[PDB]
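The chain below stands alone and is given in structure tokens; this is the form deposited in one PDB entry.
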């Protein structure tokens, strides 16, 4: 079949700027289509026959290409343009899509608003103990979270989870959850959450003593 390797898998750009994503093939292809995907929403047909726009597509988009190097371009980008773009071809059979190109807003760097939470009096009755740490609303996304128990490292039993980029303020968020049993939780006294970012060299520490 016909491998369509979209080139910039992830990319960032600020509004009012020019974006150009690509699409390459192992054999020659004719008249490529492009679909835009917002997460939680069906794909929409955006550009067909290399260059033609669809009824409703703002004219700031533009496709071009030939042979084996097609492209999608946004002269002056906007915020409602953040999504995922897949190049699809049916010049040969069967048809093939691309891996996708994720396009995200770029903004001023932000520091995370860190929160730490003890296990509820209701989980402990079940014998479980999850310590949840929230790192909310920050940019960029590359971040490090670090768990300390009574001033000591702990790398086992931790589950992190990042969000997709935010609708409004276009920041991020993350949750680090340290799950233990009710008994291990009661052997120790302090629980701290260390966030290593880029907006500072001194990590943000949030902690609580079980008393």
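Residue numbers count along the first chain shown, from 1.
- Checked against the record, the higher mean CA B factor of 70-78 and 92-100 lies with 70-78.
- Averaged over CA atoms, B-factors in the entry run higher in 22-30 than in the other of 172-180 and 22-30.
- For the set 83, 124, 116, 110, the maximum C-alpha B-factor listed in the entry falls on 110.
- Within the selection 135, 132, 129, 105, the deposited Cα B-factor values reach their highest point at 105.
- When all modelled residues of the chain are sorted by CA temperature factor, residue 59 is found within the highest third.
- The entry lists a Cα temperature factor for residue 152 that places it in the highest third of the chain's modelled residues.
- Residue-level temperature factors show residue 200 in the highest third of its chain, judged at the C-alpha atom.
- The entry lists a Cα temperature factor for residue 163 that places it in the lowest third of the chain's modelled residues.
- Among the modelled residues of the chain, residue 12 sits in the highest third by CA temperature factor in this PDB entry.
One more form of this protein should be noted, the form deposited in another entry, which is absent from this view; the next part is about it.
- Hinge residue, chosen from 160, 125, 143, 105: the C-alphas switch from fitting one rigid part better to fitting the other at 105 when the forms are compared between this form and the one not shown.
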